[PDB]
Amino acid sequence: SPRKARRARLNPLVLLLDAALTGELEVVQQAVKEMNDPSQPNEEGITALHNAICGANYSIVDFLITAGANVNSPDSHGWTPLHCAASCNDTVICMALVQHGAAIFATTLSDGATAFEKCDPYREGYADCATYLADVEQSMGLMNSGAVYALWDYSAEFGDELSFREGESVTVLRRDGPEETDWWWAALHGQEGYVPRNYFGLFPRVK
């Protein structure tokens, strides 16, 4: 059952997404080498990683992450790979994503929810997944000496805000600051300022 050249008139991205959804690893492997960007989305913002997650294809997910697939790419509705993993209550995938640069506080375009809030209480594994994500959220600015990793470059909009580049480590000084629920007082190279929570991961992206 090796991989083979597709029928000439079929769209390769479509075959990629189906293979990621059903579980055909070699096909995914072939597509990834041929395409320029393993994070290539269709018209709906859906990427191979999104489908691998929903299909519970652990082998394909690891391959894609290791290959550099954008673990934070949002679809047309603002759902990132972490949001999909949570809605399936798949703790193992959530962990793999978190450990490779997932933005814990990213929110969807629809209903503006975080991954934690997308856990499905109607499906099995709900308690375990929600608890993990809740612990992940609480450990930020506390664990690893209070350090979090920027997942994107950010240019301060105000002097009281902090500028930073993708991949840099930021220390969270004030987390539960009441005056700002979506920002944290932080430190980068001796400078102190506010930074948006959704720009950070517990771990850095795979470069």
Side-chain angles (χ1 to χ4, degrees), residues 1-110 114-115 118 120 123 125 129 133 136 149-154 164-168 198-207:
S1 178
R3 53 192 173 65
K4 37 74 176 181
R6 60 166 184 283
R7 290 290 293 286
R9 304 183 65 259
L10 296 176
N11 300 310
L13 180 62
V14 179
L15 303 185
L16 168 58
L17 298 184
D18 297 318
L21 183 60
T22 65
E24 297 298 1
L25 184 61
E26 64 306 308
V27 177
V28 171
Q29 285 185 42
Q30 169 49 35
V32 169
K33 278 59 188 304
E34 194 190 318
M35 66 200 305
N36 288 302
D37 189 344
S39 308
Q40 184 61 55
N42 63 12
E43 256 242 296
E44 296 286 56
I46 299 169
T47 64
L49 182 56
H50 280 89
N51 277 15
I53 293 177
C54 294
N57 299 296
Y58 305 101
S59 189
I60 288 78
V61 173
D62 299 315
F63 171 69
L64 296 166
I65 289 181
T66 295
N70 182 353
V71 304
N72 293 128
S73 40
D75 63 19
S76 59
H77 291 189
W79 283 51
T80 66
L82 191 63
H83 285 115
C84 304
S87 78
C88 297
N89 299 332
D90 199 310
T91 307
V92 170
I93 302 297
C94 285
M95 295 180 58
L97 294 171
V98 168
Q99 291 175 55
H100 294 81
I104 312 307
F105 286 98
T107 58
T108 53
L109 264 184
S110 53
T114 61
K118 276 297 151 71
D120 202 345
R123 294 176 173 158
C129 197
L133 295 179
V136 162
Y149 297 87
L151 304 179
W152 294 279
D153 298 319
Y154 179 66
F164 55 80
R165 302 304 91 173
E166 178 279 311
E168 294 190 296
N198 73 304
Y199 266 53
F200 300 87
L202 202 49
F203 290 79
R205 293 172 178 279
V206 168
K207 290 308 172 185

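Nothing fancy with the numbering, it's 1 onward along the sequence.
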Would you mind reporting whether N51 and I60 have side-chain heavy atoms less than 4.5 Å apart?
no
Going from CG on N72 to CD1 on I104, what distance comes out if it is rounded to the nearest 0.5 angstrom?
8.5 Å
Check against side chain to side chain contact (heavy atoms under 4.5 Å, CB included), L97 and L49:
CA-CA 10 Å; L97 294 171; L49 182 56; 4.2 Å; yes
I'd like a table of donor-acceptor pairs (distance under 3.5 Å, sequence neighbours excluded) in which one partner is a side-chain atom from residues 13-28, with atom names and distances.
residue, atom, partner, partner atom, Å
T22, OG1, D18, O, 3.1

If you look at every heavy atom in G101 and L151, which pair is closest and at what distance?
O-CD1, 3.2 Å
For residues 6-52, the ring-ring contact (aromatic ring centres under 6.0 Å, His included) pairs (sequence neighbours left out) are none
Is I53 close to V61 at the side-chain level, that is, under 4.5 Å between some pair of heavy atoms?
yes
Interatomic spacing from CG in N42 to CG in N11 - rounded to 0.5 Å
11.0 Å
Who are the salt bridge (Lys or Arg N to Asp or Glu O under 4.0 Å) partners of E34, not counting sequence neighbours?
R6
So does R3 have more than 12 non-hydrogen atoms from other groups sitting under 6.0 Å from CZ?
no
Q40 side chain to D37 main-chain N or O, any donor-acceptor pair under 3.5 Å?
no
Run the side chain to side chain contact (heavy atoms under 4.5 Å, CB included) test on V206 and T66 for me, step by step, so that the C-alpha distance in whole Å, both residues' side-chain angles and the decisive distance to 0.1 Å come before the verdict.
CA-CA 7 Å; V206 168; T66 295; over 6 Å; no
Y149: which residues meet the ring pair (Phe, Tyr, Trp, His ring centres under 6.0 Å) condition with it, sequence neighbours left out?
none
Could you give the side-chain donor-acceptor pairs of residues 75-94 under 3.5 Å, partners two or more places apart or in another chain?
residue, atom, partner, partner atom, Å
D75, OD1, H77, N, 2.8
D75, OD1, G78, N, 3.1
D75, OD1, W79, N, 2.9
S76, OG, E44, O, 3.2
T80, OG1, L82, N, 3.4
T80, OG1, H83, N, 3.4
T80, OG1, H83, ND1, 3.1
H83, ND1, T80, N, 3.0
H83, NE2, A106, O, 3.1
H83, NE2, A113, O, 3.0
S87, OG, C84, O, 3.0
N89, OD1, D120, N, 2.8
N89, ND2, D120, O, 2.7
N89, ND2, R123, O, 3.2
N89, ND2, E124, O, 3.3
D90, OD1, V92, N, 3.4
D90, OD1, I93, N, 3.0
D90, OD2, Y58, OH, 2.6
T91, OG1, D128, OD2, 2.8
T91, OG1, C129, N, 3.3

Residues which pass side chain to side chain contact (heavy atoms under 4.5 Å, CB included) with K207, listed by chain and number, not counting sequence neighbours:
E166, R205
Is the shortest side-chain heavy-atom distance between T47 and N70 below 4.5 Å?
no
With sequence neighbours left out, the residues meeting side chain to side chain donor-acceptor pair (under 3.5 Å) with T114 are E117
Go through the structure and list residues passing ring pair (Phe, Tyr, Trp, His ring centres under 6.0 Å) with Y154, not counting sequence neighbours.
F164, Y199
